[PDB]
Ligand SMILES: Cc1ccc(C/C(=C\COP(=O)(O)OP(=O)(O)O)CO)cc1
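Shown here is one chain on its own, the form deposited without the named molecule, set out as structure tokens.
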């Protein structure tokens, strides 16, 4: 409603571009670097330090170190996805649990209709109607990372008062093979 729109007025629209050097080798980044798909099996890519080698993750190219920013992700009719923000300084090699304590502030969908935070423990989110487009808001100085349905402005989750000192990236994760990609709205 009017509340989420005038919120949007106070946050700078970020132009998020996926970074192919960060993407786990099971992921494909599109030619326009706005969408991500999965491959049936891993591609042959370098194990460069930037790359997630266990988690099925990819980062934006640009990080945030101050200010208020937002971007929007077309999740569409996908059955599975997770999105949010992570530290520049997360562990990219080997497994770490994707939780706030490890520098991941994410939420998403599993099995078509189970929305959750990747808080520790996870928290189940009851969304009266499924989002097609998710708005992600970052306020670096307050420490808030929030998720909204970008069409009706309805709130999905906020991580409040996080203690940020680090650069933060947009992060995206997909586990499934589906016909619909995960796509950044410009």
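Positions refer to the first chain, counted from 1.
**Q** Would you tell me which stretch averages the higher CA B-factor in the PDB entry, 158-166 or 15-23?
**A** Result of the comparison: 158-166.
**Q** Using only the Cα atoms and their B-factors as the entry lists them, report which of 56-64 and 113-121 averages higher.
**A** The stretch with the larger mean CA B-factor is 113-121.
**Q** Mind checking which third residue 136 falls in for C-alpha B-factor across the chain?
**A** Middle third - that is where residue 136 ends up once the chain's C-alpha B-factors are sorted.
**Q** Can you work out whether the C-alpha temperature factor of residue 127 puts it in the lowest, middle or highest third of the chain?
**A** Top third by C-alpha B-factor.
**Q** Could you say whether, by C-alpha temperature factor, residue 51 belongs to the lowest, middle or highest third of its chain?
**A** Tercile = lowest for this residue's CA B-factor.
**Q** Based on the entry's values, in what third of the chain does the Cα temperature factor of residue 6 lie: lowest, middle or highest?
**A** Its C-alpha B-factor belongs to the highest third of this chain's values.
**Q** Looking at the entry's B-factor column for C-alpha atoms only, identify whether residue 149 ranks in the lowest, middle or highest third of its chain.
**A** According to the entry, residue 149 has a C-alpha B-factor in the chain's middle third.
Beyond the structure shown, there is the form solved in complex with the named molecule, which is absent from this document and is the topic of what follows.
**Q** Might residue 29 be said to contact the named molecule in the deposited bound form, defining contact as any heavy atom within 4.5 Å?
**A** Looking in the deposited bound form, residue contacts with the named molecule do not include residue 29, since no heavy atom lies within 4.5 Å.
**Q** Under a 4.5 Å heavy atom criterion, is residue 156 part of the interface with the named molecule in the deposited bound form?
**A** Looking in the deposited bound form, residue contacts with the named molecule do not include residue 156, since no heavy atom lies within 4.5 Å.
**Q** Test of understanding: in the deposited bound form, would residue 137 fall inside 4.5 Å of the named molecule by heavy atoms?
**A** No, no contact at 4.5 Å.
**Q** Quick one: does residue 167 come within 4.5 Å of the named molecule in the deposited bound form, counting heavy atoms only?
**A** It does not: once the named molecule is placed as it appears in the deposited bound form, residue 167 has no heavy atom within 4.5 Å of it.
**Q** Which one, 51, 69, 55, 34, lies within 4.5 Å of the named molecule in the deposited bound form by heavy atoms?
**A** The residue from 51, 69, 55, 34 that makes the contact is 55.
**Q** Heavy atoms within 4.5 Å of the named molecule in the deposited bound form: which stretch among 58-66, 41-49, 147-155, 117-125?
**A** Result for this chain: 117-125.
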